[PDB]
């Protein structure tokens, strides 16, 4: 419901005003979910954090292998609207845990997802994400995942993957961003902007009515929210010549409580958009 439409000059100055950024940010309700919503034996095992749960109206429900079982059907994931409110542009989800690797691949297959964006640093693979792709090939619950190529670039690692289940084969692009900064200073913005632009281009290459793009980080709200907000605001800047990070953050929180978890993250999105505006203007 909140909105602050930024032209270029205000955007550049806003990104460098931490006192106003924190005043604005902490006015936005988190919209977290009451745990009573998911009173199911065994459900805690499927969540990394007891208080970060999928809002029920936008939750992704797994339809295989038992849609009548609420535990089997549960994954900590929500559909996320994109630019202009387009439905189901993204799915935001937690990094898989050991017990949810197969569920994650069930979601990828169910949703026809063509692109995964993973935002976890290499030193965080003991806490913030279980390595869920194979060196060559693995099958989780009837989804056969084959890594055909690993492309290492400075700003991300891209895996080209083939998914086979039955007689059907589909491609998948897995982008792993490992450059998330400890201090969210402007000099750390270029790699994230590059990732956003690369993924935007890959999404367009999927053609009309692209299926949902899965984005994840540890809890599926902080870095994930930054990535999605930046992606939406880049389209807004190109189409409208302005950025409304506040409105975008409010929209994201409606879809999944907690999106953009910290004020440092909120400021980082402003640094990224300020950088992009400078690039576009040249």
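Numbering follows the first chain given and starts at 1. Think of the rigid core as the biggest set of C-alphas that the two forms share within 1.5 Å after superposition.
Root mean square Cα distance to the shown form, taken over structures and residues in 7 other deposited structures of this protein after a core fit, is higher for 161 to 169 when 74 to 82 and 161 to 169 are compared. Core superposition of the other structures onto this form places the C-alphas of 134 to 142 farther off in 7 other deposited structures of this protein than those of the other stretch among 84 to 92 and 134 to 142. Of the other compared PDB entries of this protein that include residues on both sides, all give residue 150 atoms, none of them, and so not a third, leaving it without. Coordinates for residue 125 are absent from at least a third of the other compared entries of this protein that model residues on both sides of it. Taking the PDB entry as given, 161 to 169 carries the higher mean Cα B factor of the two stretches 161 to 169 and 183 to 191. Checked against the record, the higher mean CA B factor of 98 to 106 and 84 to 92 lies with 98 to 106. Between the residues 35, 56, 222, 257, the entry's highest C-alpha temperature factor is the one at 35.
Highest CA B-factor among 112, 197, 174, 149, as stated in the entry: 149. In the PDB entry, a CA B factor belonging to the lowest third of its chain's modelled residues is recorded for residue 245. Per the deposited record, the Cα B-factor of residue 119 falls in the lowest third when ranked against the other modelled residues of its chain. Annotation for residue 130: C-alpha temperature factor in the highest third relative to the rest of the modelled chain, per the entry.
Among all modelled residues in its chain, residue 72 ranks in the highest third by Cα B-factor.
Placement of the Cα temperature factor of residue 178 within the chain: middle third of the modelled residues, per the deposited record.
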